[PDB]
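Below you'll find only one chain, the form deposited in one PDB entry, shown as structure tokens.
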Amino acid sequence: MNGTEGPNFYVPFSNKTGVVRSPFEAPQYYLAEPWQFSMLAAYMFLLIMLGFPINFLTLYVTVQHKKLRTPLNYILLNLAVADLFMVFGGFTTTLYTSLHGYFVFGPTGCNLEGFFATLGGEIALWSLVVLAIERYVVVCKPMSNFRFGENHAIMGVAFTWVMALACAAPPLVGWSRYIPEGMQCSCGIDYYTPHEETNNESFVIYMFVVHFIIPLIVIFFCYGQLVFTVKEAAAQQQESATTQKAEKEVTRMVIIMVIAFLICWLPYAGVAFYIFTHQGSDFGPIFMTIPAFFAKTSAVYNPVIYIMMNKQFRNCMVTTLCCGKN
């Protein structure tokens, strides 16, 4: 056996040598060199120094530039908020713990951090999903006489919140659980311990099916159609140089978006399904943190992709940062 189990945790290292300590009570320098904890920190620091300004600037610029304030932009605001939760609930906490070498805030800290950290990543996720439903809806016009507006934009955000609660909340109250992962400095869902008094199994399938497969299907279908509709319309207006250009652009973007959504969750889900099929073969603390690296670094690239890459917002950003105009 490659792990050593505690009542609130699973350190992925073997206590045959008796050196394993609780991830809530003492440094874990036996499962990773302290220089590696330093890099854990360097990484969290990078995520903050980029993530905060990128996601903050986004809210701030909307507050200043009124054309950015469409109902169809609401969900992108939602995205930046959720990215911020990821920063202040997850990244900073981890910065602080990595530098101690273990999770210095104990079980409740574990829950708090784990909750807000997954709440964020999940709102962000379903934001990307809602965005597509919305875009599809307004472009493919799947409804007789329908005009997307504020009320819709809203329900959409609320939906984003209800999904994420249906994901982060249950561990707190009996279904699955939160525990330190990988190097034990940050806390997340436990998808690698047949912990029965909590049904970690039914939950991971639930998580897999409802919070990965579905989102992935919905996204692909919506953007799939949207690209169809657009290429179908263009083909019918080949005399319009601009339209052909808009068509090219839209496609390139959908591709970038889908590839991005994959690069961010596939890894997490690949590891999960693997483990679920490969019962508790020692998974390096380091290895456990690869599904996590990809997902977390999204809080910087999502905003770059879905916001920074829009001639409009981009224009405002300039004005704002440049003391008024330019």
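Numbering starts at 1 and runs along the sequence shown. Each form is matched to the other, and the largest set of C-alpha atoms that superpose within 1.5 Å is called the rigid core.
Here the subject shifts to the form deposited in another entry, a form of this protein not shown in this document.
- Task: Determine, with the core as the superposition reference, the one member of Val81, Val227, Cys167, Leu95 that shifts its CA by 2 Å or more between this form and the one not shown.
- Result: Between the two forms, the residue that moves is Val227.
- Inspect the rigid-core superposition and answer whether the C-alpha of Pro27 shifts by 2 angstroms or more between this form and the one not shown. Comparing forms between this form and the one not shown, the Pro27 CA shifts below 2 Å.
- Query: By the 2 angstroms cut-off, has the C-alpha of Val304 moved between this form and the one not shown once the rigid core is superposed?
  - Reply: No, shifts by less than 2 Å.
- Determine whether the C-alpha of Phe56 shifts by 2 Å or more between this form and the one not shown once the rigid core is superposed. Comparing forms between this form and the one not shown, the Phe56 CA shifts below 2 Å.
- Message: Please check whether, in that other deposited form, the CA atoms of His278 and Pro7 lie closer or farther apart than here, given a change of 3 Å or more.
- Response: Closer together, by at least 3 Å.
- Do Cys167 and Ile307 have their C-alpha atoms closer or farther apart in that other deposited form than here, with the shift being 3 angstroms or more? Relative to the displayed form, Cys167 and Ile307 move farther apart in that other deposited form - a change of at least 3 Å between their C-alphas.
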